[PDB]
Amino acid sequence: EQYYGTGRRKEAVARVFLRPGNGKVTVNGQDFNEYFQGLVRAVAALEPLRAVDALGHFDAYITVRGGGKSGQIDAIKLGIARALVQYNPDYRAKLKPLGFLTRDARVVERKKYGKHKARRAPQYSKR
Amino acid sequence: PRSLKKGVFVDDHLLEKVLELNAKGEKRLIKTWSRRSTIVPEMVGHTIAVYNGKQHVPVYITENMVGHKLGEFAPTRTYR
Amino acid sequence: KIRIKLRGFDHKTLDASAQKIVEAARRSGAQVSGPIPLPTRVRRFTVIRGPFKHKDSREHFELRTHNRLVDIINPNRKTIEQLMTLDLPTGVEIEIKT
Amino acid sequence: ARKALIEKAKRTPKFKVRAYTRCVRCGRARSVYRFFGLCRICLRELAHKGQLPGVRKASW
Amino acid sequence: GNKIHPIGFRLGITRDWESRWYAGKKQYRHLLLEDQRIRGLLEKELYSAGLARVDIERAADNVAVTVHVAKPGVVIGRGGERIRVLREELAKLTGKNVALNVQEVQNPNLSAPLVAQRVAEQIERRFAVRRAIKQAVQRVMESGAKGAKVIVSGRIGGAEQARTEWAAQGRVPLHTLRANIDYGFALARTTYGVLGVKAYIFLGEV
Amino acid sequence: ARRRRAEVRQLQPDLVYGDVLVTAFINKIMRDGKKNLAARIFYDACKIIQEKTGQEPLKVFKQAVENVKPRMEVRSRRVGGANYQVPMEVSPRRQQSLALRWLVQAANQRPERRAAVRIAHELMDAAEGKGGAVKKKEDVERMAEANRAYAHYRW
Amino acid sequence: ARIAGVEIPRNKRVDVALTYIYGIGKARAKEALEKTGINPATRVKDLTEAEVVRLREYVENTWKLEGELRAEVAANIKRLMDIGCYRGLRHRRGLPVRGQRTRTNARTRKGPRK
Amino acid sequence: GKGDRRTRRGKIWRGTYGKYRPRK
RNA sequence: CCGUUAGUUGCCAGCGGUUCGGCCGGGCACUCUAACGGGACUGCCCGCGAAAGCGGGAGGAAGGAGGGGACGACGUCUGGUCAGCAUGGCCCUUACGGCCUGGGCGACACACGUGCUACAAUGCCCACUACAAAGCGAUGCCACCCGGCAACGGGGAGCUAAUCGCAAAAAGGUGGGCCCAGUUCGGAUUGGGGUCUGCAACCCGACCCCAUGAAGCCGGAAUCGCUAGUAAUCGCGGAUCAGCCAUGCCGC
């Protein structure tokens with residue numbers, strides 16, 4: 001009667017919560033492609049639905065925000081998937097492949113002894 | 001002319017002297033120091049020593065050019 | 001109802017403090033209100049390691065504030081002495097309000 | 001040892017315009033913030049020792 | 001010509017904040033300020049009994065002050081005279097007196113700093129400095145230790161031309177951030193100028 | 001690679017065609033990251049496809065591809081007191097990647113005033129057999145090989 | 001519309017018009033487009049005199065710019081250049097009045113490389 | 001650009017609001 | 001990557017009030033968060049192998065030393081280190097030392113260094129639209145309304161600082177202006193208004209607005225940065241700080 005799935009990564013938090021319903025999605029407010037403005041980004045928070053089909057039988061409510069659009073969108077995606085985990089806790093040959101596994105670990109790391117872009121040491125000149 | 005600013009502000013540092021002394025007339029150059037001023041009114045037509053950094057050149061001010069940030073009325077470098 | 005703040009340096013000072021106060025005032029107040037932490041605040045600083053010209057020898061460290069907001073309900077008299085004179089740490093201070 | 005200029009404290013801003021910053025330890029009025037009031041060095045070095053309260057080395 | 005500070009190596013590991021206290025914004029600074037006036041006029045007057053370290057603690061308005069040496073005699077003074085002009089004089093630098101906290105240690109062989117001040121002053125007196133580190137080390141680790149790694153730098157007790165010298169017994173992985181060790185350096189009086197010394201005794205760790 | 005291939009990282013298909021070719025290509029259109037406007041022009045261009053040309057985007061993308069993707073070309077060898085220009089079978093992997101880029105670029109060359117316009121223009125012309133990109137291709141091609149005698153040298 | 005310096009505005013709104021005149025354009029087109037009262041959307045190709053005269057007129061006494069811009073610019077720059085001022089000092093040669101530093105980098109006024 | 005100073009890019013960079021961005 | 005402790009931040013995964021902003025109550029598990037220990041020891045299945053260990057596969061939060069930090073061993077260079085502090089010696093002193101009034105280290109025919117912004121329409125212009133982040137704020141950040149072409153000027157509320165002052169994150173989204181010129185680009189320098197730390201701001205400041213708007217339509221021989229969340233690009237804060245030429249450094 002309820003399946004929660006959390007997806008977050010790179011400082012963007014998309015907490016996805018699904019429960020028996022249809023095909024609506026409250027992005028901590030509005031709906032899917034409403035919030036993902038002309039964002040081809042939309043489709044990102046529904047792949048975990050494509051997983052074992054049907055994008056019209058479940059009520060979608062999400063607490064998502066932070067970093068920004070994309071990051072949060074995807075986070076939303078992996079989350080939905082986890083909701084799938086809850087629902088059918090025997091979905092390997094579907095939830096792993098086009099599946100998921102952990103956040104991501106790849107955020108604009110750090111600048112140290114200069115060079116900003118952590119690699120971008122000031123270029124040379126003409127000697 | 002020259003007001004514009006009023007009273008002829010001079011950052012006190014140069015205003016105090018400008019005033020009252022403006023009584024017995026002049027005597028010229030009163031080797032100014034805090035040119036941070038925005039010269040003004042009565043300051044029209046007089047002489048003061050503008051610290052060009054290491055010298056006290058004598059400057060004489062005139063009508064339409066009086067009221068403006070003191071500094072830029074006494075140079076401070078030397079190229080070509 | 002009493003509010004409190006033990007802002008500390010050491011990550012054992014806030015421990016001895018909140019510990020003695022929430023567990024000992026557990027025979028007095030409303031048994032206390034759990035030493036709610038607070039996102040320990042951080043202040044970083046970097047500086048040249050190779051004295052004089054060397055836009056590269058530096059490195060850094062930091063100073064910060066760890067925060068413990070204990071708190072006890074039911075101003076039940078007795079509490080005032082299961083912490084107010086039965087304390088034990090050293091690297092923080094007794095901030096009490098209501 | 002720049003003794004003659006250890007006047008930094010008689011303040012006499014005499015026009016705020018003069019009283020100036022400084023490092024309590026190794027003097028150096030160059031880079032002398034506040035909370036520390038030290039030369040990046042007198043500073044960072046004595047800190048190094050550590051008899052400079054809590055503050056601890058960075059990592060991440 | 002680098003290698004990080006044998007204490008920074010220690011921080012949250014082996015050895016920490018001698019002056020133990022907190023504060024925060026707009027005050028910690030001066031707080032410590034008076035602290036150095038302290039340790040300074042401190043070690044200054046009493047380098048006498050060859051002190052060794054000063055831990056000025058603050059859990060409240062007082063200023064702990066447990067300094068350490070291994071010379072108790074002249075330390076407290078025949079009876080307790082010493083600790084008197086001392087703890088009293090104290091107020092002089094910012095009032096809020098403190099109980100003059102005298103801490104004496106067990107064996108100057110584990111005390112690298114001290115031994116350094118030692119063979120150092122020796123070199124003052126003027127003599128075989130290489131010998132000096134050789135044996136100084138020798139015993140310093142010897143009378144129990146896990147290694148005595150010592151070094152001396154600048155003006156090799158002679159030669160118009162300055163130089164370096166060193167020697168060690170056992171182990172002293174200054175590296176292994178966690179090595180729990182004791183590090184010290186001594187000033188260098190000799191009319192050569194400043195010719196510093198350093199020695200590090202490895203304090204186990206396993 | 002100091003000894004190991006250092007693999008060809010794989011891309012997740014299109015977010016409008018579930019296709020690898022799409023994705024790679026849009027990255028090529030792209031810049032400053034702007035996955036957005038990237039995919040954008042990708043699309044509007046696709047609009048040129050369906051509209052300006054009944055025929056489908058799938059078939060046009062593919063045909064343009066078959067056209068611009070290279071085949072045999074040259075690099076030289078400094079093996080015997082000299083470097084001779086020798087040709088070789090322009091590996092698939094690359095063939096793709098760069099006939100790809102290539103296209104995108106020559107497309108950049110194109111006239112119009114709108115990016116989707118360019119993409120269109122060329123992609124179509126290519127699919128067909130008419131244009132800067134693929135033509136430049138033929139060039140690298142037959143051009144390369146002139147150094148035929150050299151070829152047998154092996155790359 | 002023929003105004004002052006015959007700054008006729010093509011397929012552009014009013015604002016985009018003035019900006020084409022002496023000391024006009026950005027910031028200038030806004031004030032002009034406001035007074036003359038016209039949709040900045042207009043491409044500019046039919047400005048009926050009936051409406052052009054209104055903005056064209058008032059755009060004389062208090063506006064110049066045009067065969068007058070030099071006035072406040074030529075007369076105002078003549079004073080400081082006649083007195084021991086400073087505003088004109090930077091221009092007393094060929095460097096940058098606004099700033100700047102001199103010695104190195106300042107061909108903008110000095111002229112070409114030498 | 002960021003030096004256009006006046007309009008968009010201009011204040012964007014200046015860090016200034018004013019005649020091109022109310023204080024909110 | 002997982003359970004352990006706990007919940008004024010965060011949940012509702014289950015409501016009830018809903019003022020429906022999580023406003024009120026309530027639930028501590030989930031997201032949050034400091035803290036704890038467990039988690040590939042080439043350990044197991046398949047290759048290879050005398051061995052180390054590399055190679056295939058599943059398991060999953062992930063190995064193949066998880067991506068990122070700190071750690072730079074022996075010497076080289078007599079490298080750098082006069083004015084960082086320390087220092088041996090040397091010289092010094094009515095002064096090579098002290099304070100003050102101004103200049104000046106920001107003088108330019110020129111060369112080279114590191115960055116800024118730029119030639120634009122896969123852009124500029126305008127209006128409306130959609131979300132961090134690690135930091136910062138007391139005599140300080142500064143609430144909304146009044147003066148506001150503008151810089152700013154006032155009243156003035158808050159915190160007392162995961163709840164209060166900084167903050168408007170921008171590129172992204174939708175329509176609207178422009179249709180490819182030296183242009184709405186570009187914004188020099190000289191066109192104007194003001195904001196402000198400071199007395200004073202000539203020289204020797206930051207800023208808003210008025211007029212002016214130059215060179216440039218990706219730059220020779222040549223020379224640079226960068227293995228993936230990285231390259232590129234877009235932003236927020238930070239110490240020095242009554243103003244600051246910070247387009248520089250740092251962190252995100």
# chains A, B, ... in the order shown; residues from 1 in each chain; ligands from 1
>>> residues_around(residues="residue 20 (chain H)", least_positions_apart="4", cutoff="9 Å", atoms="only C-alpha atoms (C1' of nucleotides)", output="PyMOL selection string")
chain H and resi 6-8+10-11+16
>>> residues_around(residues="residue 58 (chain E)", least_positions_apart="3", cutoff="12 Å", atoms="only C-alpha atoms (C1' of nucleotides)", output="PyMOL selection string")
(chain C and resi 9+89-93) or (chain D and resi 53-54) or (chain E and resi 17-23+28+31-32+35+55+61-66+96-98)
>>> write_last_selection(atoms="N, CA and C atoms", output="compact mmCIF listing (two decimals), in the first residue's frame")
# COMPACT_ATOMS: atom_id res chain seq x y z
N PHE C 9 34.76 23.45 22.21
CA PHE C 9 35.84 23.27 21.27
C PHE C 9 36.11 21.81 21.09
N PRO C 89 33.20 18.29 32.96
CA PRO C 89 34.17 18.60 31.88
C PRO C 89 34.99 19.91 32.03
N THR C 90 35.55 20.42 30.93
CA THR C 90 36.36 21.65 30.99
C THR C 90 36.49 22.50 29.73
N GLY C 91 36.32 21.88 28.56
CA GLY C 91 36.46 22.60 27.30
C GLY C 91 35.23 23.22 26.65
N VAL C 92 34.33 23.76 27.48
CA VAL C 92 33.10 24.43 27.04
C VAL C 92 32.62 25.36 28.17
N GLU C 93 31.31 25.63 28.23
CA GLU C 93 30.75 26.49 29.28
C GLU C 93 29.23 26.29 29.46
N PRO D 53 45.01 27.43 21.51
CA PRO D 53 43.70 26.85 21.78
C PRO D 53 42.94 26.17 20.66
N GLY D 54 42.45 24.99 21.02
CA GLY D 54 41.66 24.15 20.15
C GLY D 54 41.98 24.09 18.68
N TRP E 17 47.21 20.24 22.44
CA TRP E 17 46.99 21.55 23.00
C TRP E 17 47.48 21.65 24.43
N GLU E 18 48.67 22.21 24.62
CA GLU E 18 49.21 22.36 25.97
C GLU E 18 48.31 23.35 26.69
N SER E 19 48.12 24.51 26.07
CA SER E 19 47.24 25.52 26.64
C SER E 19 45.85 25.03 26.25
N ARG E 20 45.19 24.33 27.16
CA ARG E 20 43.86 23.78 26.89
C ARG E 20 42.71 24.67 27.38
N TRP E 21 42.00 25.30 26.45
CA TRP E 21 40.86 26.14 26.79
C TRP E 21 40.12 26.55 25.54
N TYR E 22 38.95 27.16 25.73
CA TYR E 22 38.15 27.63 24.61
C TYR E 22 37.75 29.10 24.81
N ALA E 23 36.98 29.64 23.87
CA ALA E 23 36.57 31.02 23.90
C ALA E 23 35.61 31.26 22.75
N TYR E 28 38.94 35.28 22.14
CA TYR E 28 39.91 34.18 22.22
C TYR E 28 41.30 34.71 21.97
N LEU E 31 42.80 36.52 24.72
CA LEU E 31 42.83 35.45 25.72
C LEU E 31 44.19 34.79 25.68
N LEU E 32 44.52 34.22 24.52
CA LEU E 32 45.81 33.57 24.35
C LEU E 32 46.94 34.59 24.49
N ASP E 35 48.20 34.70 27.46
CA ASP E 35 48.81 33.35 27.59
C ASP E 35 50.30 33.35 27.24
N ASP E 55 51.35 23.97 30.26
CA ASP E 55 49.96 23.73 29.89
C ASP E 55 49.12 24.66 30.75
N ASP E 61 37.19 31.23 34.20
CA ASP E 61 37.99 32.41 34.52
C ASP E 61 38.98 32.14 35.65
N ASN E 62 40.18 31.67 35.32
CA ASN E 62 41.19 31.37 36.34
C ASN E 62 42.59 31.28 35.76
N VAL E 63 42.76 30.36 34.81
CA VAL E 63 44.02 30.09 34.10
C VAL E 63 44.89 29.01 34.74
N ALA E 64 44.44 27.75 34.67
CA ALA E 64 45.16 26.61 35.25
C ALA E 64 46.65 26.87 35.50
N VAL E 65 47.49 26.49 34.54
CA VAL E 65 48.94 26.68 34.64
C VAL E 65 49.70 25.58 35.37
N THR E 66 49.86 24.47 34.67
CA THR E 66 50.60 23.32 35.17
C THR E 66 51.78 23.37 34.23
N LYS E 96 43.51 37.50 37.46
CA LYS E 96 42.96 36.15 37.56
C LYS E 96 44.01 35.09 37.83
N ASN E 97 44.62 35.21 39.00
CA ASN E 97 45.66 34.31 39.44
C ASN E 97 45.31 32.86 39.20
N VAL E 98 46.24 31.98 39.55
CA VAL E 98 46.04 30.57 39.34
C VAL E 98 46.85 29.80 40.36
>>> atom_distance(atom1="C1' of residue 227 (chain I)", atom2="CA of residue 16 (chain F)")
28.9 Å
>>> residues_around(residues="region 74-80 of chain B", least_positions_apart="5", cutoff="6 Å", atoms="only C-alpha atoms (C1' of nucleotides)", output="list in words")
residues 50 and 52 of chain B; 107, 108, 202 and 203 of chain I
>>> interface_residues(of="chain B", to="chain G", cutoff="6 Å", atoms="only C-alpha atoms", output="number ranges by chain")
B: 65, 72-73
>>> atom_distance(atom1="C1' of residue 115 (chain I)", atom2="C1' of residue 185 (chain I)")
22.6 Å
>>> residues_around(residues="region 6-9 of chain D", least_positions_apart="5", cutoff="12 Å", atoms="only C-alpha atoms (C1' of nucleotides)", output="ChimeraX atom specification")
/D:1,18-24,26-29 /I:98-99
>>> residues_around(residues="residue 8 (chain G)", least_positions_apart="5", cutoff="8 Å", atoms="only C-alpha atoms (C1' of nucleotides)", output="list in words")
residues 1, 2, 3, 17 and 20 of chain G
>>> write_last_selection(atoms="N, CA and C atoms", output="PDB file, in the first residue's frame")
ATOM      1  N   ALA G   1      12.825  58.136 -38.577  1.00  0.00           N
ATOM      2  CA  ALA G   1      12.345  59.513 -38.553  1.00  0.00           C
ATOM      3  C   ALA G   1      13.506  60.499 -38.497  1.00  0.00           C
ATOM      4  N   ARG G   2      13.517  61.445 -39.431  1.00  0.00           N
ATOM      5  CA  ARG G   2      14.571  62.451 -39.489  1.00  0.00           C
ATOM      6  C   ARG G   2      14.569  63.325 -38.239  1.00  0.00           C
ATOM      7  N   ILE G   3      15.545  63.102 -37.365  1.00  0.00           N
ATOM      8  CA  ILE G   3      15.657  63.868 -36.130  1.00  0.00           C
ATOM      9  C   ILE G   3      17.104  64.262 -35.855  1.00  0.00           C
ATOM     10  N   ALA G  17      16.252  53.529 -32.020  1.00  0.00           N
ATOM     11  CA  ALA G  17      16.436  54.640 -32.947  1.00  0.00           C
ATOM     12  C   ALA G  17      17.470  55.631 -32.422  1.00  0.00           C
ATOM     13  N   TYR G  20      21.056  55.306 -32.184  1.00  0.00           N
ATOM     14  CA  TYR G  20      21.806  55.433 -33.428  1.00  0.00           C
ATOM     15  C   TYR G  20      22.278  56.867 -33.644  1.00  0.00           C
TER      16      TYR G  20
END
>>> residues_around(residues="residue 100 (chain E)", least_positions_apart="2", cutoff="12 Å", atoms="only C-alpha atoms (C1' of nucleotides)", output="list in words")
residues 42, 54, 55, 56, 57, 62, 63, 64, 65, 66, 67, 68, 75, 76, 80, 82, 83, 84, 85, 86, 87, 88, 89, 90, 91, 97, 98, 102 and 103 of chain E
>>> residues_around(residues="region 77-82 of chain I", least_positions_apart="2", cutoff="12 Å", atoms="only C-alpha atoms (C1' of nucleotides)", output="MDAnalysis selection string")
(chainID C and resid 50:54) or (chainID E and resid 1 161:163) or (chainID I and resid 75 84)
>>> interface_residues(of="chain G", to="chain H", cutoff="12 Å", atoms="only C-alpha atoms", output="PDB file with N, CA, C and O atoms, in the first residue's frame")
ATOM      1  N   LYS G  26      22.058  52.702 -25.799  1.00  0.00           N
ATOM      2  CA  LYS G  26      21.767  52.192 -24.465  1.00  0.00           C
ATOM      3  C   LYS G  26      21.505  53.330 -23.484  1.00  0.00           C
ATOM      4  O   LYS G  26      22.217  54.335 -23.481  1.00  0.00           O
ATOM      5  N   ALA G  27      20.482  53.166 -22.653  1.00  0.00           N
ATOM      6  CA  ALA G  27      20.125  54.179 -21.668  1.00  0.00           C
ATOM      7  C   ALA G  27      19.509  55.404 -22.333  1.00  0.00           C
ATOM      8  O   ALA G  27      18.647  56.068 -21.759  1.00  0.00           O
ATOM      9  N   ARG G  28      19.958  55.699 -23.550  1.00  0.00           N
ATOM     10  CA  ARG G  28      19.453  56.844 -24.296  1.00  0.00           C
ATOM     11  C   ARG G  28      18.162  56.497 -25.031  1.00  0.00           C
ATOM     12  O   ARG G  28      17.243  57.312 -25.109  1.00  0.00           O
ATOM     13  N   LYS G  30      16.003  54.356 -24.103  1.00  0.00           N
ATOM     14  CA  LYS G  30      14.949  54.175 -23.111  1.00  0.00           C
ATOM     15  C   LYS G  30      14.237  55.491 -22.817  1.00  0.00           C
ATOM     16  O   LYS G  30      13.008  55.555 -22.818  1.00  0.00           O
TER      17      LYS G  30
END
>>> atom_distance(atom1="CA of residue 28 (chain F)", atom2="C1' of residue 122 (chain I)")
11.2 Å
>>> select_by_dssp(residues="chain B", states="strand (DSSP E or B)", output="list in words")
residues 47, 48, 49, 50, 51, 56, 57, 58, 59 and 60 of chain B
>>> write_last_selection(atoms="C-alpha atoms", output="short mmCIF file (atom, residue, chain, number, x, y, z; two decimals), in the first residue's frame")
data_model
loop_
_atom_site.label_atom_id
_atom_site.label_comp_id
_atom_site.auth_asym_id
_atom_site.auth_seq_id
_atom_site.Cartn_x
_atom_site.Cartn_y
_atom_site.Cartn_z
CA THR B 47 46.74 80.41 -4.07
CA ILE B 48 47.69 77.36 -1.89
CA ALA B 49 50.58 74.88 -1.82
CA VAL B 50 49.39 71.57 -3.27
CA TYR B 51 51.53 68.75 -1.88
CA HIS B 56 54.53 72.33 -2.22
CA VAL B 57 53.96 73.88 -5.65
CA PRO B 58 51.92 77.08 -5.61
CA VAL B 59 48.48 76.74 -7.19
CA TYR B 60 46.13 79.58 -8.11
#
>>> select_by_dssp(residues="region 2-166 of chain E", states="alpha helix (DSSP H)", output="PyMOL selection string")
chain E and resi 28-45+73-76+82-90+112-125+129-142
>>> closest_atom_pairs(of="chain C", to="chain I", cutoff="8 Å", atoms="only C-alpha atoms (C1' of nucleotides)", output="Markdown table")
| residue | atom | partner | partner_atom | distance |
| --- | --- | --- | --- | --- |
| C:34 | CA | I:6 | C1' | 7.2 |
| C:36 | CA | I:7 | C1' | 7.3 |
| C:37 | CA | I:34 | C1' | 6.4 |
| C:38 | CA | I:162 | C1' | 5.8 |
| C:39 | CA | I:162 | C1' | 5.8 |
| C:40 | CA | I:34 | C1' | 7.6 |
| C:43 | CA | I:135 | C1' | 7.8 |
| C:45 | CA | I:239 | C1' | 7.9 |
| C:46 | CA | I:250 | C1' | 7.7 |
| C:51 | CA | I:84 | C1' | 6.9 |
| C:52 | CA | I:84 | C1' | 7.4 |
>>> closest_atom_pairs(of="chain A", to="chain F", cutoff="8 Å", atoms="only C-alpha atoms", output="CSV")
residue,atom,partner,partner_atom,distance
A:39,CA,F:36,CA,7.3
A:40,CA,F:15,CA,6.4
A:41,CA,F:15,CA,8.0
A:43,CA,F:15,CA,7.1
>>> write_last_selection(atoms="N, CA, C and O atoms", output="PDB file, in the first residue's frame")
ATOM      1  N   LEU A  39      12.297  20.622 -19.832  1.00  0.00           N
ATOM      2  CA  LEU A  39      13.461  19.837 -19.460  1.00  0.00           C
ATOM      3  C   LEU A  39      13.337  18.425 -19.994  1.00  0.00           C
ATOM      4  O   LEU A  39      12.435  17.684 -19.582  1.00  0.00           O
ATOM      5  N   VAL A  40      14.234  18.053 -20.911  1.00  0.00           N
ATOM      6  CA  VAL A  40      14.248  16.692 -21.443  1.00  0.00           C
ATOM      7  C   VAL A  40      14.587  15.908 -20.186  1.00  0.00           C
ATOM      8  O   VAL A  40      14.632  14.669 -20.189  1.00  0.00           O
ATOM      9  N   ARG A  41      14.834  16.688 -19.126  1.00  0.00           N
ATOM     10  CA  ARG A  41      15.165  16.217 -17.783  1.00  0.00           C
ATOM     11  C   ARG A  41      13.968  15.455 -17.217  1.00  0.00           C
ATOM     12  O   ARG A  41      14.139  14.475 -16.515  1.00  0.00           O
ATOM     13  N   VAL A  43      11.766  12.965 -18.193  1.00  0.00           N
ATOM     14  CA  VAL A  43      11.962  11.516 -18.318  1.00  0.00           C
ATOM     15  C   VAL A  43      12.941  10.843 -17.358  1.00  0.00           C
ATOM     16  O   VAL A  43      12.952   9.622 -17.239  1.00  0.00           O
TER      17      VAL A  43
END
